[PDB]
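Undergrad:
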Amino acid sequence: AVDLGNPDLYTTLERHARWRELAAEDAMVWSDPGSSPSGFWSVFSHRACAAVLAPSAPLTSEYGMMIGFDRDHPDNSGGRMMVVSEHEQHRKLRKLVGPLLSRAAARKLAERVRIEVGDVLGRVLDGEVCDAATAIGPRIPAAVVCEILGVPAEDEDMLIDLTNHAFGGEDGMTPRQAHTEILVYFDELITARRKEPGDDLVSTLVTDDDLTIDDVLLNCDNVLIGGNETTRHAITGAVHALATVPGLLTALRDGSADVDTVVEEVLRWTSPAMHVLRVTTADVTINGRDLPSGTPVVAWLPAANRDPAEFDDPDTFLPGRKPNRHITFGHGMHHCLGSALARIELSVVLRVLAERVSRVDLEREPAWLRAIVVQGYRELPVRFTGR
Ligand code: HEM
């Protein structure tokens, strides 16, 4: 019996070896029920994952987009939250949230990323020692999401800390409790923005009278989860790359390496979103297997981002890797709405660390989170030297 939803398979970097085998073969593997309530098929190659997530492909996210959910066991947020909705409800929310996460919105948030990195490099610029998976990685995305939601500056530090714990190590607050506390604050913020609307995500969501208080809350949560759960590990990955890849930090400083090109390589290299699930809407043949309607199909994104048919020497971090057609942000109609924001966050992080820090050195091997939703760092012990 095979179960690819087992988190123990991905606790070590050997997950890449398992993925490499399945990606090069372009395999369709069936997983038996266990972590999944009904089981699921899986694709691994770049071409197979792109075909599953295609706009014209008869698959849906309305029942959920992660292992644990299917047609018979649907996501409770299904049809209400953007990432688990389809058709006009999905199009509406993507239209309402869209411009607040656009390239233009990302550019005005670039200053905050610089300030937040600078404030971090005020206590870690010492010799030893700091974890990069905490108080470095989660700090930047949390600050950005705060300004998107339009939270008062007075409450930012409270919200940063709760966001940090909500998507970090599972084990006196619990990540689930911290998540709840944010949603409790969200409800209080929703109430205040009903009386006095401004220029923020909460205000934009509440002005639409067709959306209920539950719809506003769930889509605020989509931005909270979306902007934090994955992004933190990409930032930690950027620090990890600067610590391991020789000459990279210097190359960014002098300008021999292109900043936007390395951002795309960090994205491909880290691939924080480990999987995306889809449910078939009609009878379809994927790869070479005939699947009925209501069948769960899963695309393993880090496997696709290291597919040798698409990426030459995929295990090496290449600062000038071109072309780089990674699907770290997924593909098709649900392509990450905050992709420009994720790119601007990484861009500024790599810039400021090249400007202020002379050398970043790794203390010991990183630990990984016991999870399947995210390819995440549990810890990254590093030494910072600058000034
Ligand atoms: C490098 C970090 C990030 C990664 C790896 C990532 C990954 C993804 C992926 C793979 C999806 C598609 C899910 C699916 O296909 O079912 C997605 C959707 C989404 N993400 Fe991101 N994301 C990142 C950063 C962000 C940021 C910064 C934001 C904004 C604050 C954000 C907000 C969203 C939203 C709102 C959706 C739903 C889009 C839709 O359903 O149309 N994400 N993300």
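Quick note on numbering: the sequence shown equals residues 6 to 176, 181 to 396 in the entry's author numbering. Here a beta-carbon is modelled for each residue, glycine too, at the ideal position from N, C-alpha and C.
1) Could you tell me which of 104, 242 and 328 sits nearest to residue 140, measuring between CA atoms?
2) Using the beta-carbon count (16 or more within 10 Å), is residue 258 buried or exposed?
3) Hey, how far is the Cα of residue 136 from the Cα of residue 391?
4) Helix or strand or just coil, what does DSSP make of residue 190?
5) So, for residue 207: in the same chain, excluding its five sequence neighbours on each side, which residues have a beta-carbon less than 8 Å away from its beta-carbon?
6) Keeping to the same chain, check which residues put their C-beta closer than 7 Å to that of residue 180; ignore five residues upstream and five downstream.
7) If we require 3 or more residues per run, which beta strand (DSSP E) segments fall completely within the segment 268 to 301?
8) Using only CA atoms, which one of 151, 332 and 278 lies nearest to residue 105?
9) Mapping DSSP to helix, strand and coil, what is residue 373?
10) Using alpha carbons as the reference points, say which of 113, 129, 38 and 64 lies closest to residue 365.
11) Taking only runs of the beta strand (DSSP E) that begin and end inside the segment 43 to 90, which ones reach a length of at least 3 residues, in chain order?
12) Report yes if the C-beta of residue 117 is less than 7 Å from at least one heavy atom of the ligand HEM; otherwise report no.
13) To the nearest angstrom, how far is the alpha carbon of residue 299 from that of residue 164?
14) Any heavy atom of the ligand HEM closer than 7 Å to the Cβ of residue 66?
15) Reducing DSSP to helix, strand and coil, say where residue 388 ends up.
16) Would you mind working out which of 126, 38, 7 and 318 sits nearest residue 361, comparing C-alpha positions?
17) Is the CB-CB distance between residue 369 and residue 393 below 8 Å?
18) Just verifying my parser: in three-state terms, what is the DSSP assignment at residue 212?
19) Measure the C-alpha to C-alpha separation of residue 116 and residue 347 and round it to an integer number of angstroms.
20) Buried or exposed for residue 354, going by 16 or more other Cβ atoms inside 10 Å?
21) Closer than 7 Å to a non-hydrogen atom of the ligand GTP - does that hold for the CB of residue 150?
22) Closest to residue 371 by C-alpha separation, out of 292, 138 and 118, would be which residue?
23) Can you check whether the CB of residue 343 is closer than 8 Å to the CB of residue 88?
24) Per the DSSP calculation, residue 338 is bridged to which residue(s)?
25) Of the choices 157, 133, 325 and 161, whose alpha-carbon is the least far from that of residue 180?
26) Among 332, 30, 188 and 62, whose alpha-carbon lies nearest the alpha-carbon of residue 277?
TA: Taking the geometry as given:
1) 242
2) buried
3) 6 Å
4) helix
5) 155
6) Between 176 and 181, the chain has no modelled residues, and residue 180 is one of the positions in that gap.
7) 284 to 289, 293 to 295 and 298 to 300
8) 151
9) coil
10) 129
11) 45 to 48
12) no
13) 47 Å
14) yes
15) strand
16) 126
17) yes
18) helix
19) 17 Å
20) buried
21) Here the bound small molecules are the ligand HEM; the ligand GTP is not part of this structure.
22) 138
23) yes
24) According to DSSP, residue 338 bridges with nothing at all.
25) Within the chain, residue numbering steps from 176 directly to 181, and residue 180 belongs to the interval with no atoms modelled.
26) 332
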